Amino acid sequence: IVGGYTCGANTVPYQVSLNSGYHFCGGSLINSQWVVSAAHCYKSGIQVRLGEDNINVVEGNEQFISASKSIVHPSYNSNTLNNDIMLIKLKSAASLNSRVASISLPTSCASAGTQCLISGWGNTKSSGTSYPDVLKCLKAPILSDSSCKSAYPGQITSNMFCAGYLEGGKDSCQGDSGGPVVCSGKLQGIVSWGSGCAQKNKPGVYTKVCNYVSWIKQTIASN
Ligand SMILES: [Ca+2]
């Protein structure tokens, strides 16, 4: 996260870290046994880390649970990042408490102008490189589809939305990938892509979760 703030330990209780010997992407806990992330975060050998603040210090509220199964969206296209969404099943259920909690799925899609909360452990610099140990947060608005398509001509599908600031300075970044965009108490996006981080006229592009609720519900009901 570029241009954000330190969240506070466990104030984002649905945030997870995906670890494959190192933190590599974020995710969102949607019930005691399932995590939502980005399909471009796919790898074999994922351990899910819940209740994290400092990802380099065991502080005592963590739960570390291996993945039993990964499910990339059937229509995921890695060239265009269309349908950039994956489900991860945990080997055992998490214990939900004040520090580890699930986030609701949306019933309707979020509105342009809504201020959302984006979080993660990704790079904090534009170019240059500095990775935080503690979770970072950013408030950012949903942009109009018109402005999104103007920023990224020929590249935005109906399964993507833009959030952030056309002036630059504040954005998600590499290592935030897979993490949540929460708007009005629901998971409305997944950190997906963008041109650089926090560059003028190049806002963040997010997977539009409201288009995937049927797929999520049917997949959880069968696995
Ligand atoms: Ca920790």
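Residues numbered from 1 in each chain as written, not as in the entry; some residues may be left out. Heavy atoms only, no water.

1. Regarding the coordination of the calcium ion
Think of it this way: four donors in a tetrahedron around the metal ideally sit 109.5 degrees apart, and six in an octahedron ideally sit 90 or 180 degrees apart. Donor atoms from the polypeptide that coordinate the calcium ion comprise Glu52 (OE), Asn54 (O), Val57 (O) and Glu62 (OE), at 2.2 to 2.3 Å from the metal. Of the residues examined, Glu62 reaches a relative accessible area of 17% and is grouped as buried. (Donors = N, O, S within 2.8 Å, 3.2 Å for Na, K, Ca; no water. Buried < 20%, exposed > 50% of the residue type's maximum accessible area, 1.4 Å probe, protein only.)

2. Concerning the state of the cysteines
Across all of its chains, the model carries six disulfides by this definition. With its sulfur 2.0 Å from that of its partner, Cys148 forms a disulfide with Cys162. When the S-S torsion is 65°, as for the bridge of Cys148 with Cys162, the disulfide is right-handed. Of this pair, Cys148 sits in helix α1 (residues 145–151) while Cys162 is found in strand β10 (residues 160–163), placing the two residues 14 residues apart along the sequence. Exposure class is identical for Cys148 and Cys162. Each is buried. (Disulfide = S-S within 2.5 Å. Helix = DSSP H or I, 4+ residues; strand = E, 2+ residues; numbered from the N terminus.)

3. Some thoughts on the UniProt feature "disulfide bond" in the protein
You can see the UniProt disulfide between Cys116 and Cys183 is made here, since their sulfurs are only 2.0 Å apart, below 2.5 Å. Of the two residues, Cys116 sits in strand β8 (residues 115–120) while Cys183 sits in strand β11 (residues 180–183), which places them 67 residues apart along the sequence. Its relative accessible area of 3% is what places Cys116 among the buried residues. A relative accessible area of 2% means that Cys183 is categorised as buried. (UniProt positions renumbered as here; feature names shortened; annotations may be inferred.)

4. A few points about the pairing of strand β4 (residues 34–37)
Of the two faces of β4, the one holding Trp34 and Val36 and the one holding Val35 and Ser37 are both buried throughout. Pairing geometry for strand β3 (residues 23–31) and β4, over three bridges, is antiparallel. Its bridge partner being in β4, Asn31 is matched across the sheet by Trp34. Turn length for the β3-β4 hairpin, with the two strands adjacent in sequence and antiparallel, is two residues. (Pairing = 2+ DSSP bridges.)

5. Some points on the UniProt feature "binding site: substrate" in the protein
The UniProt feature table records "binding site: substrate" at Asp171, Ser172, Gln174, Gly175 and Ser177. Of the residues annotated just before, the second largest pocket has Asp171, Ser172, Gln174 and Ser177 among its lining. By the secondary structure assignment, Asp171 is in the loop between β10 and β11. The exposure class of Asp171 is buried, given its relative accessible area of 4%. Once residues lying within four places of it in the same chain are set aside, the contact partners of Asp171 are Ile1, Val2, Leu138, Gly196, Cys197, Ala198, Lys202, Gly204 and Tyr206. (1 Å grid on protein atoms, 1.4 Å probe; cavity = no way out; pocket = protein on both sides within 12 Å on 5 of 7 lines; lining within 4 Å. Contact = heavy atoms within 4.5 Å.)

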